[PDB]
Amino acid sequence: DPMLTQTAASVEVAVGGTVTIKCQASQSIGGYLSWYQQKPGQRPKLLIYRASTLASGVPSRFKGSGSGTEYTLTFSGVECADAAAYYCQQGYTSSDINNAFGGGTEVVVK
Amino acid sequence: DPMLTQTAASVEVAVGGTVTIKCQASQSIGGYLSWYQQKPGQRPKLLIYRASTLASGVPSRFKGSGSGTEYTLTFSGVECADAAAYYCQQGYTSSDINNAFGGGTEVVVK
Amino acid sequence: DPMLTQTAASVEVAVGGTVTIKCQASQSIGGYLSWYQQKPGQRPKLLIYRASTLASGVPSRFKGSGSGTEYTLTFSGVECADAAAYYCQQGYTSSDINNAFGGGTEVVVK
Amino acid sequence: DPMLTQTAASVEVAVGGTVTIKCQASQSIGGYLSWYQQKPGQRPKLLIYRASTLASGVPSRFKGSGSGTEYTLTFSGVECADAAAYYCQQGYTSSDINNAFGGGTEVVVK
Amino acid sequence: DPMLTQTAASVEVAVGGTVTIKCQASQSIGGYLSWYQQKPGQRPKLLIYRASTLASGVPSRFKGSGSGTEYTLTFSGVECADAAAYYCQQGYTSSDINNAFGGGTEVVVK
Amino acid sequence: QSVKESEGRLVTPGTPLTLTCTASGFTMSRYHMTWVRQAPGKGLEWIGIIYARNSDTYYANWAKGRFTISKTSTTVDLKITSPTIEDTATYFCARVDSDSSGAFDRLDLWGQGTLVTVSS
Amino acid sequence: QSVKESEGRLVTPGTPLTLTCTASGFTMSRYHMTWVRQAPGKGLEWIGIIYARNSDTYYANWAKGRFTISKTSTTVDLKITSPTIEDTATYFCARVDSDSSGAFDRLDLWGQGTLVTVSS
Amino acid sequence: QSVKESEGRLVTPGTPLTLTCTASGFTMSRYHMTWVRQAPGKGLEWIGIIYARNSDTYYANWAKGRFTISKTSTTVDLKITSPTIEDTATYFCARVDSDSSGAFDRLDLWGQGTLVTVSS
Amino acid sequence: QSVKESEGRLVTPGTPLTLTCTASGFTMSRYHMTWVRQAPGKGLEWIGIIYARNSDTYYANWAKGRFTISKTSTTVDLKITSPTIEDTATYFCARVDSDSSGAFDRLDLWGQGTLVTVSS
Amino acid sequence: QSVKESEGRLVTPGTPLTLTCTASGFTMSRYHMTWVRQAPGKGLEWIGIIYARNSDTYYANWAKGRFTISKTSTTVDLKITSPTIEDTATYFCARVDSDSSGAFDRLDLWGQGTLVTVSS
Amino acid sequence: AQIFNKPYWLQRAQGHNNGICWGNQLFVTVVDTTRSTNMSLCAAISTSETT
């Protein structure tokens, strides 16, 4: 069972700060990993997959890196509509796992 | 538009007479032409197609001839059940025509 | 029209007798012929087809012979449950025929 | 986004006049362009597509020209049933456009 | 008709005992044979097929042997949840048989 | 062989109207179908045609905008959109027996035909 | 193997009538089907026939214009258009077990048969 | 040839709404379909498009999240999820007559068009 | 994987009875199906079998004339024609996991099983 | 593109429950589908997966015996057999955009999501 | 039908040049398509799970 923990509550950040959210995995998953933003009133919404390739309609000010077992997601220039919930998620599609790919939050930006 | 007129009301005939029904066409249709007998109480019923080939279950005492633009249908030895309605009909299957392939009647035989 | 008449009402037979049911045909049908037993309370039930080949679940004490236009069906050792109705039937599958493949009876055995 | 404006209200014309309706486009669309007549009580109805090829059942007194970014539609001999609404329309089938291919009117002919 | 009898009511066994359930067949069936455990409240559940190959999610403390006409099923280290019903079953998929593959029980373990 | 129809109705002008047509022995994806209308006096008037695998249609000159012929593999039918008063007549469904090239308008095996009438 | 029917009805003359026929094990697109009618006294009368691949039909001489046999891949049935009084009898559905060439009228596996009667 | 629609309805805002579109002669798996909306004053506004065998769709820029176009081999239709007040207008269904490469937005054979309106 | 049944009924003798059986993950045109009956006391009795693409059936010796097994690509079921009193028991539907040659009567993934009973 | 759901229901524990999921533009026999459940507080919990042409399924570890995912060529859905109290949450249906090899659990185009709750 | 692995002895040339290498330079052009196979390889990323 590949497990990503994400036991990290996010720190208060101002406009223009940089945040390092770190998602670590027990088993090696390759590069297959996704990230999502969850605004607390609507459906979830994806930013980047395979830790390097961003989706359409998303600005290039979000970053992606990390390989092997640990991965990250950084960005700078925090707007007003970045108050949401974040989630890292693997794609190893195994059978005997109980993933839920959980963890991740983000404070209201001052 | 290929048109067959059939402006010919049939003449009173006795038992054993010969009748010459003539169906003329404006445009050349080849040999593709049909004939029908319509008894005035039931469904119509066909005798001959392509002006020479008769259908099944029909006696060989009906005749077929004519080529090009004008055609005929003769027979002899009129029975009692020959009181019906006759119709010549072409098969040029065109689009801008309004055929209805009309015309033709038969008196009650004495 | 190939016609099998079977104008033969069956004769009273005792236990162990031999019965010669004869089914004659007008036209030559080849070997394609069937036979059936009809108990007067249930569905009909077949014994032999093509005048020589018996069906499954039927004892080999029934016989089959005859070729060309006339055919037969003999057996011996009549039980108690042989009180039924018999029928010969051809397989020439023609169109203009009105066969019904009729004829045949069997008395109550003493 | 290829845009055809058609900011041109039509001028009063008499019987037999000539009208030059001009439809200009921002991006180059090739020759793919359509035209329509809209009588104000029924369904719309096409005249010409690809700026040169007219449709069936339409007289050859309508004209078509124009290439590249600007196109025209002229005709002469205005009848009584030419009081309708006109529309130029492109076929660049793109995704991020909001065309509506609008503009165009016709006065009641004296 | 291949018949497995299983006329053997099981003997009282303690924790850690060894039980020899023997299932004998009249006709030779090859190696095609199955075994099942039936807890008396739910659906039946299979352990071993083809007398040697065990299924998934089952511990390797159950044994399988026997070839030809007679077969066995032994194990040791009886738990508390082994109070169930056992059944041997052949796979000769014949037509005229009335198998039901019956027989077999197991006492409540002390 | 035999050609079957749906039973007729006395309707009001301004209502859509249908007649299904089913066949007995042959399959309809092989042959063609056509409809004719028998009016009183003389009247005998052909409506349209529909083909087998091309599944094309050709109507009369006066009949455009007024009839739509539908066909499945199991049933053919025709439709009326806006009835006018003078279509109280007899309709028929028949199979086009043709050859490898013709598709000419021989209707060999006819249908029995039912009575449809409109009234206001 | 087993051949199933629809349950019988006491009807009035002038009403259409149907009987469906479903099979248990075999598929019907391989073999052929026919229908026989068992009248009282003697009566045992064959109706028609259908073929598995061509799907051609052949009826009796007296039975034309009076029965239409329909077949899908799941169910076969037969139809009656205009009943006459003297068809109160027993009908049966059976499978034509044939070979690579015959399609001869051996009906090997019969149906159980239900009772249909008409009355006025 | 002829293009048919479903009859219009006076509805309330907040209710889903459908309009089916059936064709007469051609088959729809060959050609393409689209929808236009005729508002009063000028209004004439195109909604989307749907293709034949690729079965793809492309909508307008303002029309995403607001229309879903469904298509079977027998019938095409479009759907409305959440109506706003100002869509009381006239809708049309038309066939894209195209060539081996274009699929350009010529709508050659139109539909007759019905009236749909919303009111609260 | 999981095997589903239809809910049981308390019926009267002389009425036909059905139980459908649907599967969750696998498709049924690949594997085989059978039915077993669990009576009180001992009772555990196998009914029949049905195969995948051959679509053949084989019943028990006592069970001929008494059960008909139907199968579509979506659902398998079994049927009862004439119930006798002593069939108040538990029925089960299960998948025959087999290999390239066997089709032997291993029933690997069972069904949950419902209670059917008859009473007069 | 857009992913549609069925409308939610307030139910009682012990009743089966369904939610269908239909798509707008793409066809579902090409891509994969899965389901996630959004509980209050944090909760965001993935249920299972279903593949395109292999048509296999893989569930969560706690979710076996509790959900059955059904799929046709037109509609996918999921099922609940025996609801427990604490599944009052938000469910979502989304398309697995993948490549020639991955089928990894990227859910690119989501669904709008409706509210399902149970109460006793 | 192989062209290679065979001696070619030059004693006559269709130019006026009899194979003389001016400037101590020489060119040889070679194409073949008979030996153009393309091997494919893999490499695992996780050598644990039997699935």
# chains A, B, ... in the order shown; residues from 1 in each chain; ligands from 1
call {"tool": "residues_around", "arguments": {"residues": "residue 100 (chain C)", "least_positions_apart": "6", "cutoff": "9 Å", "atoms": "only C-alpha atoms", "output": "PyMOL selection string"}}
result
(chain C and resi 89) or (chain G and resi 36+44-47+60)
call {"tool": "residues_around", "arguments": {"residues": "residue 105 (chain B)", "least_positions_apart": "6", "cutoff": "6 Å", "atoms": "only C-alpha atoms", "output": "MDAnalysis selection string"}}
result
chainID B and resid 10 85:86
call {"tool": "write_last_selection", "arguments": {"atoms": "C-alpha atoms", "output": "PDB file, in the first residue's frame"}}
result
ATOM      1  CA  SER B  10     -63.734   1.724 -72.938  1.00  0.00           C
ATOM      2  CA  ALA B  85     -60.533  -0.939 -63.806  1.00  0.00           C
ATOM      3  CA  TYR B  86     -57.284  -0.873 -65.784  1.00  0.00           C
TER       4      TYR B  86
END
call {"tool": "residues_around", "arguments": {"residues": "region 13-25 of chain B", "least_positions_apart": "4", "cutoff": "8 Å", "atoms": "only C-alpha atoms", "output": "ChimeraX atom specification"}}
result
/B:2-6,8,29,69-79,88,107,109-110
call {"tool": "write_last_selection", "arguments": {"atoms": "N, CA and C atoms", "output": "tab-separated table (two decimals), in the first residue's frame"}}
result
chain	number	residue	atom	x	y	z
B	2	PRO	N	-42.21	12.56	-67.87
B	2	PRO	CA	-42.88	11.56	-68.72
B	2	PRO	C	-44.33	11.41	-68.29
B	3	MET	N	-45.25	11.60	-69.23
B	3	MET	CA	-46.68	11.57	-68.94
B	3	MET	C	-47.38	10.55	-69.82
B	4	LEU	N	-48.13	9.65	-69.19
B	4	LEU	CA	-49.06	8.78	-69.90
B	4	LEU	C	-50.48	9.26	-69.65
B	5	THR	N	-51.18	9.63	-70.72
B	5	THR	CA	-52.46	10.29	-70.59
B	5	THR	C	-53.59	9.31	-70.30
B	6	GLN	N	-53.81	8.36	-71.21
B	6	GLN	CA	-54.95	7.44	-71.21
B	6	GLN	C	-56.28	8.20	-71.13
B	8	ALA	N	-59.22	7.60	-72.76
B	8	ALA	CA	-59.93	6.62	-73.57
B	8	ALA	C	-60.88	5.84	-72.66
B	29	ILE	N	-39.38	5.96	-72.30
B	29	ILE	CA	-39.21	5.31	-71.01
B	29	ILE	C	-38.52	3.96	-71.13
B	69	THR	N	-42.44	4.73	-77.21
B	69	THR	CA	-43.29	5.71	-76.54
B	69	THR	C	-44.73	5.28	-76.40
B	70	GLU	N	-45.22	4.38	-77.24
B	70	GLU	CA	-46.61	3.93	-77.18
B	70	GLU	C	-46.65	2.43	-76.94
B	71	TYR	N	-47.65	1.99	-76.18
B	71	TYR	CA	-47.77	0.59	-75.79
B	71	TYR	C	-49.25	0.20	-75.80
B	72	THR	N	-49.49	-1.10	-75.80
B	72	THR	CA	-50.85	-1.63	-75.88
B	72	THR	C	-51.04	-2.79	-74.90
B	73	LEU	N	-52.30	-3.22	-74.78
B	73	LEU	CA	-52.65	-4.39	-73.99
B	73	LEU	C	-53.93	-4.98	-74.56
B	74	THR	N	-53.83	-6.13	-75.22
B	74	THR	CA	-54.98	-6.78	-75.83
B	74	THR	C	-55.22	-8.14	-75.18
B	75	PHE	N	-56.47	-8.59	-75.25
B	75	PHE	CA	-56.84	-9.95	-74.86
B	75	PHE	C	-58.16	-10.30	-75.54
B	76	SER	N	-58.49	-11.58	-75.50
B	76	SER	CA	-59.72	-12.08	-76.10
B	76	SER	C	-60.32	-13.15	-75.20
B	77	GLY	N	-61.60	-13.41	-75.41
B	77	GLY	CA	-62.34	-14.33	-74.56
B	77	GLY	C	-62.68	-13.73	-73.22
B	78	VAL	N	-63.49	-12.68	-73.22
B	78	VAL	CA	-63.81	-11.95	-71.99
B	78	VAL	C	-64.79	-12.76	-71.15
B	79	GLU	N	-64.41	-13.03	-69.91
B	79	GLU	CA	-65.23	-13.75	-68.95
B	79	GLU	C	-66.27	-12.82	-68.32
B	88	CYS	N	-52.30	1.78	-66.87
B	88	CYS	CA	-50.92	1.66	-67.33
B	88	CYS	C	-50.01	2.50	-66.44
B	107	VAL	N	-66.14	-1.49	-69.11
B	107	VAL	CA	-67.58	-1.61	-68.93
B	107	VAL	C	-67.95	-2.97	-68.34
B	109	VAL	N	-69.42	-6.36	-68.94
B	109	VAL	CA	-69.58	-7.14	-70.16
B	109	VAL	C	-70.98	-7.76	-70.21
B	110	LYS	N	-71.59	-7.68	-71.39
B	110	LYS	CA	-72.90	-8.30	-71.60
B	110	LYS	C	-72.76	-9.82	-71.68
call {"tool": "select_by_dssp", "arguments": {"residues": "region 1-69 of chain A", "states": "strand (DSSP E)", "output": "list in words"}}
result
residues 18, 19, 20, 21, 22, 23, 24, 33, 34, 35, 36, 37, 38, 45, 46, 47, 48, 49, 53 and 54 of chain A
call {"tool": "atom_distance", "arguments": {"atom1": "CA of residue 7 (chain I)", "atom2": "CA of residue 115 (chain I)"}}
result
7.8 Å
call {"tool": "interface_residues", "arguments": {"of": "chain C", "to": "chain G", "cutoff": "12 Å", "atoms": "only C-alpha atoms", "output": "PyMOL selection string"}}
result
chain C and resi 1+29-36+38+40-51+54-56+85-105
call {"tool": "write_last_selection", "arguments": {"atoms": "C-alpha atoms", "output": "PDB file, in the first residue's frame"}}
result
ATOM      1  CA  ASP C   1     -48.683 -32.860 -54.839  1.00  0.00           C
ATOM      2  CA  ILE C  29     -40.202 -38.648 -52.082  1.00  0.00           C
ATOM      3  CA  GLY C  30     -36.899 -40.433 -51.651  1.00  0.00           C
ATOM      4  CA  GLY C  31     -36.232 -41.719 -48.168  1.00  0.00           C
ATOM      5  CA  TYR C  32     -37.441 -38.591 -46.353  1.00  0.00           C
ATOM      6  CA  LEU C  33     -40.260 -39.879 -44.154  1.00  0.00           C
ATOM      7  CA  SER C  34     -41.184 -39.696 -40.465  1.00  0.00           C
ATOM      8  CA  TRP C  35     -43.426 -41.587 -38.044  1.00  0.00           C
ATOM      9  CA  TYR C  36     -45.126 -40.533 -34.820  1.00  0.00           C
ATOM     10  CA  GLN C  38     -49.919 -39.883 -30.499  1.00  0.00           C
ATOM     11  CA  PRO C  40     -54.720 -39.270 -26.925  1.00  0.00           C
ATOM     12  CA  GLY C  41     -54.052 -37.115 -23.859  1.00  0.00           C
ATOM     13  CA  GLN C  42     -50.677 -35.494 -24.494  1.00  0.00           C
ATOM     14  CA  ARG C  43     -48.287 -34.129 -27.140  1.00  0.00           C
ATOM     15  CA  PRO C  44     -47.189 -36.282 -30.098  1.00  0.00           C
ATOM     16  CA  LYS C  45     -43.948 -38.203 -29.947  1.00  0.00           C
ATOM     17  CA  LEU C  46     -41.641 -39.453 -32.686  1.00  0.00           C
ATOM     18  CA  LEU C  47     -40.080 -42.876 -33.217  1.00  0.00           C
ATOM     19  CA  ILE C  48     -38.189 -43.113 -36.514  1.00  0.00           C
ATOM     20  CA  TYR C  49     -37.089 -40.780 -39.319  1.00  0.00           C
ATOM     21  CA  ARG C  50     -35.742 -41.457 -42.832  1.00  0.00           C
ATOM     22  CA  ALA C  51     -37.440 -44.905 -42.574  1.00  0.00           C
ATOM     23  CA  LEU C  54     -34.569 -44.505 -34.784  1.00  0.00           C
ATOM     24  CA  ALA C  55     -34.537 -41.711 -32.211  1.00  0.00           C
ATOM     25  CA  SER C  56     -33.058 -41.622 -28.708  1.00  0.00           C
ATOM     26  CA  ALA C  85     -52.442 -42.910 -32.648  1.00  0.00           C
ATOM     27  CA  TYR C  86     -49.938 -43.326 -35.481  1.00  0.00           C
ATOM     28  CA  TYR C  87     -49.080 -41.036 -38.402  1.00  0.00           C
ATOM     29  CA  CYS C  88     -46.763 -41.306 -41.405  1.00  0.00           C
ATOM     30  CA  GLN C  89     -45.294 -38.044 -42.673  1.00  0.00           C
ATOM     31  CA  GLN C  90     -43.162 -36.983 -45.655  1.00  0.00           C
ATOM     32  CA  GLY C  91     -40.585 -34.206 -45.918  1.00  0.00           C
ATOM     33  CA  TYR C  92     -40.707 -33.003 -49.530  1.00  0.00           C
ATOM     34  CA  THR C  93     -41.348 -29.385 -48.215  1.00  0.00           C
ATOM     35  CA  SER C  94     -43.113 -28.316 -51.418  1.00  0.00           C
ATOM     36  CA  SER C  95     -45.261 -25.190 -51.805  1.00  0.00           C
ATOM     37  CA  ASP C  96     -48.522 -26.037 -53.594  1.00  0.00           C
ATOM     38  CA  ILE C  97     -49.369 -29.054 -51.415  1.00  0.00           C
ATOM     39  CA  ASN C  98     -52.013 -29.455 -48.691  1.00  0.00           C
ATOM     40  CA  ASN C  99     -50.601 -32.576 -47.037  1.00  0.00           C
ATOM     41  CA  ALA C 100     -51.696 -32.772 -43.357  1.00  0.00           C
ATOM     42  CA  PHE C 101     -49.895 -36.223 -43.468  1.00  0.00           C
ATOM     43  CA  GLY C 102     -52.996 -37.863 -42.062  1.00  0.00           C
ATOM     44  CA  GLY C 103     -54.309 -41.342 -41.349  1.00  0.00           C
ATOM     45  CA  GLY C 104     -53.614 -44.003 -38.769  1.00  0.00           C
ATOM     46  CA  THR C 105     -55.054 -45.401 -35.550  1.00  0.00           C
TER      47      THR C 105
END
call {"tool": "residues_around", "arguments": {"residues": "residue 28 (chain I)", "least_positions_apart": "2", "cutoff": "8 Å", "atoms": "only C-alpha atoms", "output": "list in words"}}
result
residues 23, 26, 30, 31, 32, 52, 73, 74 and 75 of chain I
call {"tool": "write_last_selection", "arguments": {"atoms": "C-alpha atoms", "output": "mmCIF file, in the first residue's frame"}}
result
data_model
loop_
_atom_site.group_PDB
_atom_site.id
_atom_site.type_symbol
_atom_site.label_atom_id
_atom_site.label_comp_id
_atom_site.auth_asym_id
_atom_site.auth_seq_id
_atom_site.Cartn_x
_atom_site.Cartn_y
_atom_site.Cartn_z
ATOM 1 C CA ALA I 23 -23.323 -9.971 -11.973
ATOM 2 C CA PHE I 26 -17.271 -9.799 -15.123
ATOM 3 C CA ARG I 30 -17.263 -15.417 -21.190
ATOM 4 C CA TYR I 31 -17.992 -17.725 -18.232
ATOM 5 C CA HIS I 32 -20.648 -20.272 -17.311
ATOM 6 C CA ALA I 52 -20.926 -19.320 -22.488
ATOM 7 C CA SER I 73 -25.849 -10.898 -22.455
ATOM 8 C CA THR I 74 -26.959 -8.776 -19.482
ATOM 9 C CA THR I 75 -28.805 -11.217 -17.174
#
call {"tool": "residues_around", "arguments": {"residues": "residue 50 (chain F)", "least_positions_apart": "4", "cutoff": "10 Å", "atoms": "only C-alpha atoms", "output": "number ranges by chain"}}
result
F: 31-35, 54-59, 69-71, 76, 96; H: 25
